[PDB]
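Listed below, chain by chain, are the residues.
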Amino acid sequence: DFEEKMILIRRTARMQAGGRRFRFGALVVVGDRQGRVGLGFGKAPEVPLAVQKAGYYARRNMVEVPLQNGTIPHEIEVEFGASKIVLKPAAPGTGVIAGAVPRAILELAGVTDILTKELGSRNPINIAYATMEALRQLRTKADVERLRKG
Amino acid sequence: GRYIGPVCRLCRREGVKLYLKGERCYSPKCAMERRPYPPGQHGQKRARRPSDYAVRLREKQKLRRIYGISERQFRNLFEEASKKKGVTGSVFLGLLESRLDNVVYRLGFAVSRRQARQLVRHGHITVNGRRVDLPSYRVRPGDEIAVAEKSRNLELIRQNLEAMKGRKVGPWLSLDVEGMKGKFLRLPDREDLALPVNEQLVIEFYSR
Amino acid sequence: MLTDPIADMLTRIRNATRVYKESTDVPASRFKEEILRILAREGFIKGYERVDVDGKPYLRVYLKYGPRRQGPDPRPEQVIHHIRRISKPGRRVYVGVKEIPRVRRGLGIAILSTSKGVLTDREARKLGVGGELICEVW
Amino acid sequence: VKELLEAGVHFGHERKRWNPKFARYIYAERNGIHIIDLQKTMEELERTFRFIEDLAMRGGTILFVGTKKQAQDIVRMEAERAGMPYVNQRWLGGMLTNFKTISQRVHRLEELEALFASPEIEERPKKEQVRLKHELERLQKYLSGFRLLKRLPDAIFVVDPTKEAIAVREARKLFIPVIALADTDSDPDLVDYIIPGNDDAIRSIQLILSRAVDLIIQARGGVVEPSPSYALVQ
RNA sequence: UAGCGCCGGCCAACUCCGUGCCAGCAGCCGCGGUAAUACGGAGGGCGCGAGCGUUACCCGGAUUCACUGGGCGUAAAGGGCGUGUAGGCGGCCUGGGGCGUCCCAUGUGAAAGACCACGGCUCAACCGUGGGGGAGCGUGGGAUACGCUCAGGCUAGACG
RNA sequence: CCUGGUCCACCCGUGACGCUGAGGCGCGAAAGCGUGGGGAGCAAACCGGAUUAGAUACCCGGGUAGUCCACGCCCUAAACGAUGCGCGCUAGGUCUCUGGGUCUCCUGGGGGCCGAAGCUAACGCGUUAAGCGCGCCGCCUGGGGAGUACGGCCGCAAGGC
Ligand SMILES: [Mg+2]
Ligand SMILES: [Mg+2]
Ligand SMILES: [Mg+2]
Ligand SMILES: [Mg+2]
Ligand SMILES: [Mg+2]
Ligand SMILES: [Mg+2]
Ligand SMILES: [Mg+2]
Ligand SMILES: [Mg+2]
Ligand SMILES: [Mg+2]
Ligand SMILES: [Mg+2]
Ligand SMILES: [Mg+2]
Ligand SMILES: [Mg+2]
Ligand SMILES: [Mg+2]
Ligand SMILES: [Mg+2]
Ligand SMILES: [Mg+2]
Ligand SMILES: [Mg+2]
Ligand SMILES: [Mg+2]
Ligand SMILES: [Mg+2]
Ligand SMILES: [Mg+2]
Ligand SMILES: [Mg+2]
Ligand SMILES: [Mg+2]
Ligand SMILES: [Mg+2]
Ligand SMILES: [Mg+2]
Ligand SMILES: [Mg+2]
Ligand SMILES: [Mg+2]
Ligand SMILES: [Mg+2]
Ligand SMILES: [Mg+2]
Ligand SMILES: [Mg+2]
Ligand SMILES: [Mg+2]
Ligand SMILES: [Mg+2]
Ligand SMILES: [Mg+2]
Ligand SMILES: [Mg+2]
Ligand SMILES: [Mg+2]
Ligand SMILES: [Mg+2]
Ligand SMILES: [Mg+2]
Ligand SMILES: [Mg+2]
Ligand SMILES: [Mg+2]
Ligand SMILES: [Mg+2]
Ligand SMILES: [Mg+2]
Ligand SMILES: [Mg+2]
Ligand SMILES: [Mg+2]
Ligand SMILES: [Mg+2]
Ligand SMILES: [Mg+2]
Ligand SMILES: [Mg+2]
Ligand SMILES: [Mg+2]
Ligand SMILES: [Mg+2]
Ligand SMILES: [Mg+2]
Ligand SMILES: [Mg+2]
Ligand SMILES: [Mg+2]
Ligand SMILES: [Mg+2]
Ligand SMILES: [Mg+2]
Ligand SMILES: [Mg+2]
Ligand SMILES: [Mg+2]
Ligand SMILES: [Mg+2]
Ligand SMILES: [Zn+2]
């Protein structure tokens, strides 16, 4: 099991001749607060259907973030097209100082103290995809000296 | 200032029995064991989904209204704690538990922090010889929070320390019921503390 | 005219490590050679030699990629992830030992030409000098 | 005894239609044809075959994918002889990532083989007989060999990665180590174990795959003589 | 002595009644047309509390003047194009200078504030002492990679 | 006839002479204007014929200025590859224009298409970059007001900046 926190739920509408059919989108993250997050983005015509589908994709697609002291190894300024997010690691005992979108991604990675800024466009989908790209780009001292020791 | 009065209402509304009344909140009529749902005409309805601001505000209220601190006194304590060099929450909690009314509560001269507030405000408690009439009086590590002579034979302090004959004060504290004093040894931490407060959400409340 | 030769050479390094070239043939100078000597000291690259085409001395840097990763897009992650000429010609930056940057918490480094030779930022903060902060490599 | 035969027809293919990341192995260019070097070919054959001899007797299953006219029945013959599943006909969309769904099609194949040997010829009338026969043949055609071992694979043998870009992307998505025979019209980046060499000469397919299947039969124990393409050829 | 704001979202806290595109609300989105959680009242709640609100002004959010830190095909943005003055920028090896740069001890960087300890007012606000930065800028010495310039050379730029 | 640009080859000479460039100066379609000339077609305006409710329009007949020449001004444009210039790097395939070669190729310059990585809001661009860079220049900072007004400068004026 994981903590299963949803970020945004949105109800997107395609046009049929007649009404306009909806499709509830739902961006959950799953996290054990150990260093594993998953970003699932389910699109279902019903809402608990959307939360179940998104949790299914999120548990299916995980990423191990290599934490240290409950925070992050290095400063990382990643981008997802127009949405760019910086993460500056903190001295511990500072709090997850982040937006409402990546605060849950970091807090379900189980960081404690991280200093971010949702730059660029702050769209809750793109920022979460950028944050998964950040925590998949995150490297520590051991697994960079392993790539330099040759 | 003291906010006032109704406090098992705040034993409710955050879902944890943060003890404010005292022996009432220990006795089987807390009206938090009886009714765990928050006060209000709605109250026992579906939980409105607690927002990201809502969870930080509720748990910052769990940190505040335990100690009864007025918010700007709390916030100035926080903006002293952030400048104070240390793990920020785990120096903030020690600063909160180093107030004189809270040290008198932890020392058990009173069943509640508001009774301890009346004790220190009405001039009963002495710190290092002379009486100190301040609930916000910080206690430096290594000083003797005592009871003066006009309140040593008080029935309230007598019954309170009667209750505290054999009770367990903290490892950052001491106790002496034969002289009704106690050395505040060091500052406590969250590992020392029985707080129903994730301190980190209170830390995250103030970078709003 | 390779208006910055160092910012030409580091982007030759970057444009070849992106396409996973085995080796670059950058042009030759003593400053570029000491910069690549710093990079091979730190362990980003597999050195350099002295090649020639039609009377043009070079440096052939041999790059150092990683293991073939699993999952889709299995290209090896590159030890020269980011590389950036900081003190450009249009803006020459210089710092002292008080303003030496820890380049992303000491994973990457900062090549800086100091007065006591070209140094890494560890060597700059160890010898005391600052200088022209040439390029952050991380 | 290997390259003595691999130099037969089994090397030298597509002219001027080449994925240039394959240029490690590409040797020369004569008559337009990009002839492929045989030394690095045979050492890469050993790099594949070491992994096949490991993960073939470790309970691991190989999934033989081949869709072209050149490599259909010489995949179908040599694929069934080690228990290994195959796709002779058009390999569908997501047999691997959607495997838990195409398991329902395998079970409809099983519960239609129940209806073959059934008393539902007498009842279950002729207009449902033609419907379930058109279901059974159109399911047993494109899902024939993908039935043998009822789990996700442990490696796949793609016989052409550019025709099977649908397949190599799926197995790289599912961490299945692709081994694939590829001529100059493919890239080896998303191929975990490459057989460099031709793909459309019938000997080029069948002889490489027959040596591979002799290695997997010997990895199971008890080696028997391989399958013939030297029966109706030429 | 306890009040003031707020309860549609942003923003924590929701029901009833009266109103019926009216009366009104508003910071934006917008509510109001007869079931209004958006208006008026009551209940209840939330926030703060001898204060709470509003206004104006400023900074932040505003990476929305982008040095750190933006762009220019179509979104706002390539000058109609060339030649070219000022400018800005400048290939490679060598040598001095030490002008930029960097370093070192000082000289100043007043006090007050800011910061850190430690103290006095019952604590705190304040206030006292001590200590440390403190950009700069002068002075003296050193460093010479890079930027500089003078001298020497080269041929990968450019021209013939 | 006069003359510019550019490319190849040889690697012959110079020895960094380079690149960009605010203001300048020059060129700058088409329309327009001036002074003459020329006027066959076409053709704004204009006149008619239908058309249509109306038709100042499409359609048709006519028809001037203009289109044309020379000199001289104007100086805007969807002056567009809506992509400033130069240089360096980063898979390729294509036919295609030119250049060389003891030439079923291979190298140089130019004009497109399909595409690697990368980019991008996407469309798509993709060694002729909208990739990676560096230098320099111009420009943008919500739309409308408004490219208007005022002033200045230029122009014969329209009008431009
Ligand atoms: Mg679907
Ligand atoms: Mg971006
Ligand atoms: Mg924005
Ligand atoms: Mg916005
Ligand atoms: Mg009471
Ligand atoms: Mg802050
Ligand atoms: Mg700069
Ligand atoms: Mg709420
Ligand atoms: Mg009315
Ligand atoms: Mg109101
Ligand atoms: Mg009514
Ligand atoms: Mg009503
Ligand atoms: Mg109301
Ligand atoms: Mg502002
Ligand atoms: Mg700003
Ligand atoms: Mg800038
Ligand atoms: Mg536009
Ligand atoms: Mg535009
Ligand atoms: Mg323009
Ligand atoms: Mg203009
Ligand atoms: Mg242009
Ligand atoms: Mg020029
Ligand atoms: Mg000049
Ligand atoms: Mg100097
Ligand atoms: Mg001094
Ligand atoms: Mg001072
Ligand atoms: Mg005192
Ligand atoms: Mg003081
Ligand atoms: Mg002082
Ligand atoms: Mg300075
Ligand atoms: Mg000519
Ligand atoms: Mg020569
Ligand atoms: Mg010279
Ligand atoms: Mg004209
Ligand atoms: Mg005129
Ligand atoms: Mg005229
Ligand atoms: Mg006519
Ligand atoms: Mg007419
Ligand atoms: Mg008419
Ligand atoms: Mg006409
Ligand atoms: Mg006229
Ligand atoms: Mg013109
Ligand atoms: Mg005009
Ligand atoms: Mg054009
Ligand atoms: Mg044009
Ligand atoms: Mg320009
Ligand atoms: Mg070309
Ligand atoms: Mg994309
Ligand atoms: Mg293209
Ligand atoms: Mg190329
Ligand atoms: Mg405006
Ligand atoms: Mg005017
Ligand atoms: Mg005039
Ligand atoms: Mg102009
Ligand atoms: Zn209670």
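Position numbers follow the written sequence of each chain, starting from 1, instead of the entry's numbering, which may differ; residues with no coordinates are not represented. Each chain is given a letter, starting from A, and each ligand a number, starting from 1, according to the order in which they appear as written. Just a portion of a larger assembly is displayed, and each value is taken over that portion. Hydrogens and waters are ignored; side-chain quantities use all the structure's heavy atoms.

The record names cryo-EM as the way this model was obtained, at a resolution of 3.7 Å.

## Details of the pairing of strand 8 (residues 114-120) of chain A
Residue and element names in this part refer to chain A. How we decide: Should DSSP find at least two bridges between two strands, the strands are regarded as paired. Helix and strand assignments follow DSSP, with helices taken as H or I runs no shorter than four residues and strands as E runs no shorter than two, numbered in order from the N terminus. Whether a crossover is right-handed depends on one test, that the path from the first strand over the helix to the second runs clockwise when the strands point away from the viewer.
Sheet topology note: the strand 6 (residues 83-89)/strand 8 ladder contains seven bridges and is antiparallel. Looking at strand 8, one finds that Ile85 is bridged to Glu118. Of the strand pairs in this sheet, strand 7 (residues 96-97) and strand 8 are connected by two bridges, and their pairing is parallel. Bridge pairing in strand 8 links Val96 to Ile114. Viewed along the sheet, the connection from strand 7 through helix 2 (residues 100-109) into strand 8 turns out left-handed.

## A look at the protein's contact with RNA strand E
Quick note on the threshold: Working definition: residue near molecule or strand if any one of its non-hydrogen atoms lies within 4 Å of it. N or O atoms closer than or at 3.5 Å make up a polar contact, with two conditions inside protein: a donor-capable atom paired with an acceptor-capable one, and, for residues adjacent in sequence, both atoms drawn from side chains. In this classification, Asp, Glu, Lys and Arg are treated as charged, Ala, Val, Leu, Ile, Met, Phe, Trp, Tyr, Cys and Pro as nonpolar, and every other residue, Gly included, as polar.
Taken together, the neighbourhood of RNA strand E is formed by 64 residues, with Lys117 of chain A, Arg9 and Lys45 of chain B together with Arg30 and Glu132 of chain C sitting nearest. Atoms of RNA strand E within 4 Å of the protein belong to the sugar or the phosphate in 72% of instances, the rest to bases. The side chain of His42 of chain B places a nitrogen or oxygen atom 3.0 Å from a sugar or linking oxygen of RNA strand E. With respect to RNA strand E, the side chain of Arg64 of chain B contributes an N or O atom lying 3.3 Å from a phosphate oxygen. Listing elements by their share of the surface near RNA strand E, those giving two or more residues are strand 8 of chain A, helix 3 (52-67) and helix 4 (71-81) of chain B together with helix 2 (30-42), strand 4 (94-95) and strand 5 (109-114) of chain C. Examining the composition of the surface near RNA strand E, we find that eight residues originate from one element, helix 3 of chain B, more than from any other. Looking at the surface near RNA strand E, its residues break down into 20 nonpolar, 17 polar and 27 charged.

## Describing the interface of chain C and chain A
Note the cut-off: A contact between two residues is defined here by any heavy atoms of the two lying within 4.5 Å. Once two parts are joined, some of their accessible surface, as seen by a 1.4 Å probe, is lost; buried area is that loss totalled over both. For salt bridges, the criterion is a side-chain nitrogen of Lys or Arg within 4 Å of an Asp or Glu carboxyl oxygen.
Listed as interface residues are 15 residues of chain C and, on the opposing side, 13 residues of chain A. In this assembly, chain C packs against chain A so that about 1200 Å² is buried in total across both faces, 53% of it on carbon and sulfur atoms. When residues of chain C are sorted by the area they lose upon contact with chain A, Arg104, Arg105 and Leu107 of chain C head the list and together hold 47% of the total. Taken together, the connections running from chain C to chain A amount to two salt bridges. Of the charged contacts, one joins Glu75 of chain A and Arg105 of chain C as a salt bridge, the two residues approaching to 2.7 Å between their closest N and O atoms. Counting the contacts that link chain C with chain A gives six residue pairs in polar contact. Here the side of chain C that touches chain A is composed, by residue class, of six nonpolar, four polar and five charged.

## Focus: the pairing of strand 7 (residues 131-137) of chain C
All names here are of chain C. Under the convention used in this document: For every residue, the accessible area obtained with a 1.4 Å probe (protein chains only) is divided by the maximum for its type, and the residue is called buried under 20%, exposed over 50%, and partly exposed between those limits.
In terms of burial, strand 7 is a largely internal element, seven of the seven residues being buried. Note: strand 3 (residues 83-85) against strand 7, three bridges, orientation antiparallel. What sits directly across from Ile83, in strand 7, is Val137. As paired strands, strand 4 and strand 7 are joined by two bridges and run antiparallel to one another. When the bridges of strand 7 are listed, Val95 appears paired with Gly131. One ladder, built from six bridges, connects strand 5 with strand 7; its direction is antiparallel. Its bridge partner being in strand 7, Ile111 is matched across the sheet by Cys135.

## Some details on helix 2 of chain A
Burial analysis of helix 2 of chain A places eight of its ten residues in the buried class, which makes it a mostly covered element. Within helix 2 of chain A, the full set of buried residues consists of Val101, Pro102, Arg103, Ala104, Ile105, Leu106, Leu108 and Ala109 of chain A.

## Some remarks on the UniProt feature "binding site: Zn(2+)" in chain B
Residues and elements named next belong to chain B. Operational definition: UniProt positions are given in the numbering used here, feature names are shortened, and annotations may be inferred rather than shown by experiment.
In the numbering adopted here, UniProt assigns the feature "binding site: Zn(2+)" to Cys8, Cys11, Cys25 and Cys30. Their sequence span is 23 residues, while the largest C-alpha to C-alpha distance among them is just 8.6 Å; these annotated residues converge on one region. Within the secondary structure, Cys11 is located in helix 1 (residues 8-11). Take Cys11: its relative accessible area is 0%, and that puts it in the buried class. Inspection of the secondary structure assignment puts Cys25 in helix 2 (residues 23-26). A relative accessible area of 0% places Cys25 in the buried class. Once you skip the residues sitting within four places of it in the chain, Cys25 turns out to touch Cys8, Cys11, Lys17, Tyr19, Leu20 and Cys30.

## Some remarks on the nonpolar core
Residues and elements named next belong to chain B. Condition: Nonpolar cores are built from buried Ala, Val, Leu, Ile, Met, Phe, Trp, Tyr and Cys residues. Side-chain atoms within 4.5 Å join them into one set. Marked domain ranges trace back to an automatic or database domain assignment.
Counting residues in each nonpolar core, the largest one holds 47 residues, and the members touching the most others are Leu63, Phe92, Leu96, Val104, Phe109 and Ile145. Counting residues per element, this core draws most heavily on helix 5 (residues 89-96), which supplies five residues. Mapped onto the domain boundaries, this core takes at least three residues apiece from domain 1 (1-96 + 194-208) and domain 2 (97-193). Not counting chain neighbours up to four residues away, the residues in contact with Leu96 comprise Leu63, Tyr67, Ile69, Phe74, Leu77 and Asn102.

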